[PDB]
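>>> Got a sequence here, can you build the structure:
(one chain, ligands or ions: 4)
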Amino acid sequence: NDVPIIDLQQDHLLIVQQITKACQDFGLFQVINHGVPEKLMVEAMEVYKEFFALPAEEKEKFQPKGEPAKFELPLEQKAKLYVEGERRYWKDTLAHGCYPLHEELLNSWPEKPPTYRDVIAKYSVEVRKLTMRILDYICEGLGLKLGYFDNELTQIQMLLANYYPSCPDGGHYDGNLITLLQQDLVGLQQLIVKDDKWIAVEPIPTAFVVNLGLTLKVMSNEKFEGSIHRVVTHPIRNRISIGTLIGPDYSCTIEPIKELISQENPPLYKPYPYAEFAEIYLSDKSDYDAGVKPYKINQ
Ligand SMILES: CN1[C@@H]2CC[C@H]1C[C@@H](OC(=O)[C@H](CO)c1ccccc1)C2
Ligand SMILES: O=C(O)CNC(=O)C(=O)O
Ligand code: NI
Ligand SMILES: [Sr+2]
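Numbering: from 1, shown residues only. Ligands and ions are numbered 1, 2, ... in the order given. Below is the structure in question.
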């Protein structure tokens, strides 16, 4: 496995160097000793195991007008079941916003299992906290002031809990800024561009896989790579994974961070509305970066 595993209790400068190199080379890495309670990660996975085992009577409560929603605008934050492209569906996703944790938002979350709201609220807070630490390591690697992304660029925090039914014998960037993913079974693969080859991202049940989204690829002016990754169906196990997809509010304007831009390293994208990007990203799957192709410049 060539995917870096970065221990967040090493000396501070080694963390920054390792994260920086991973962001430049792959756009994907794993973190361990990351400060999120292991007992909470286990409880959250147990919550989704139970949720996906509930009977139809419960699951229908998350299916607007009798069927799962699609990832299409407007992308609401209330909890809903989603599907995304059929295969030989292939994936059920429970998704909802998590930030800020409002009463009206929490009130849309599952009531069963009865621990869902307490466990997943605590998990959201912890995963967010860790996500903001990692962005700050990225700030130091890019030479940006700490806290640069602690604003509307991280205003939206979508939890996407995925269930992949087994089959005996899908690639994308995430369009947002940064994603943390918890898994405990093989199935996640990263595209190694230089070989045009898919490789396994080893499942470490107490680690988080960190992958950079298209928005960060653009804002770093391609100093950092976004991760192109996919999931292959498990031949034996139903697989569950928990993604926390953090990024801009839909009222944001995305552009290469001006402080990174020079005469020698000009901007590679013009500014665009995130909401306009989001529409293309969700609709046009003709290429991985179709969402940002209309904004490319200096090529
Ligand atoms: C596998 N798919 C991919 C990634 C997750 C899942 C569902 C969809 O991605 C999203 O819905 C996220 C939600 O924040 C998104 C939506 C608009 C703009 C930026 C990011 C596409
Ligand atoms: O489920 C996995 O292991 C990977 N999930 C995704 O890439 C996603 O939901 O965007
Ligand atoms: Ni993804
Ligand atoms: Sr139904």
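>>> neighbours around the residue of the chain found nearest ligand 1, how many?
Sorted by distance to ligand 1 under CB to the nearest ligand atom, the residues of the chain start with residue 175, at 3.0 Å. Every residue, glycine included, has its C-beta placed from N, CA and C. Using other CB atoms under 10 Å, residue 175 has 23 other residues around it.
>>> Look up phi and psi at the residue nearest the centre of the chain.
Nearest residue to the geometric centre of the chain (CA atoms, centre = their mean): residue 179, 2.7 Å. Backbone torsions of residue 179, given as degrees, to the nearest 10, read phi -130, psi 140.
>>> Could you name the specific helix or strand carrying the nearest residue to the residue of the chain closest to ligand 1 once chain neighbours are set aside?
Of all residues not flanking residue 175 in the chain, residue 281 sits nearest, at 4.2 Å (CB to CB, 6 or more residues apart in numbering). Using DSSP states H and E, the element containing residue 281 is helix 274-283.
>>> Could you pull out the buried residues of that helix?
Within helix 274-283, the residues scored as buried using 16 or more other CB atoms under 10 Å are 274, 275, 277, 278, 280, 281, 282.
>>> residue contacts, the fifth one?
Going back to what we said before, that points to residue 280. 290, 291, 294 (CB atoms under 8 Å, 6 or more residues apart in numbering).
>>> Let's see the PyMOL selection covering just the buried ones among those residues.
Only the buried entries of those go into this PyMOL selection, using 16+ other CB under 10 Å:
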select buried, resi 291
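>>> List phi and psi for the residue of the chain positioned farthest from its centre.
No residue in the chain sits farther from the centre than residue 263, which is 32.8 Å out by CA atoms, centre = their mean. When read as degrees, to the nearest 10, the backbone of residue 263 gives phi -60, psi -40.
>>> who's in contact with it?
By CB under 8 Å, 6+ apart, residue 263 has no neighbours at all.
>>> Same check on the one 4 residues further on?
Residues in contact with residue 267 (CB under 8 Å, 6+ apart) are 221, 255, 256, 261, 297, 298.
>>> same thing but 10 Å
Applying CB atoms under 10 Å, 6 or more residues apart in numbering to residue 267 gives the contacts 218, 221, 222, 255, 256, 257, 258, 260, 261, 295, 297, 298.
>>> Most neighbours among those, which one?
Busiest of the contacts of residue 267 [other CB under 10 Å] is residue 218, holding 27 neighbours.
>>> hang on, it is in a strand, isn't it?
No: using DSSP: H, G, I helix; E, B strand; the rest coil, the secondary structure at residue 218 is helix, not a strand.
>>> That one reaches residue 293, doesn't it?
No: Residue 218 is beyond contact range of residue 293, at 11.3 Å (criterion: CB atoms under 10 Å).
>>> Overlap in contacts, the two.
residue 269.
>>> tell me which of the contacts of residue 280 is nearest to residue 168?
The nearest member of the contacts of residue 280 to residue 168, counting by CB to CB, is residue 290 at 33.1 Å.
>>> ok, now which ones touch the closest one?
Counted by CB under 10 Å, 6+ apart, residue 290 has contacts 173, 214, 280, 281, 283, 284.
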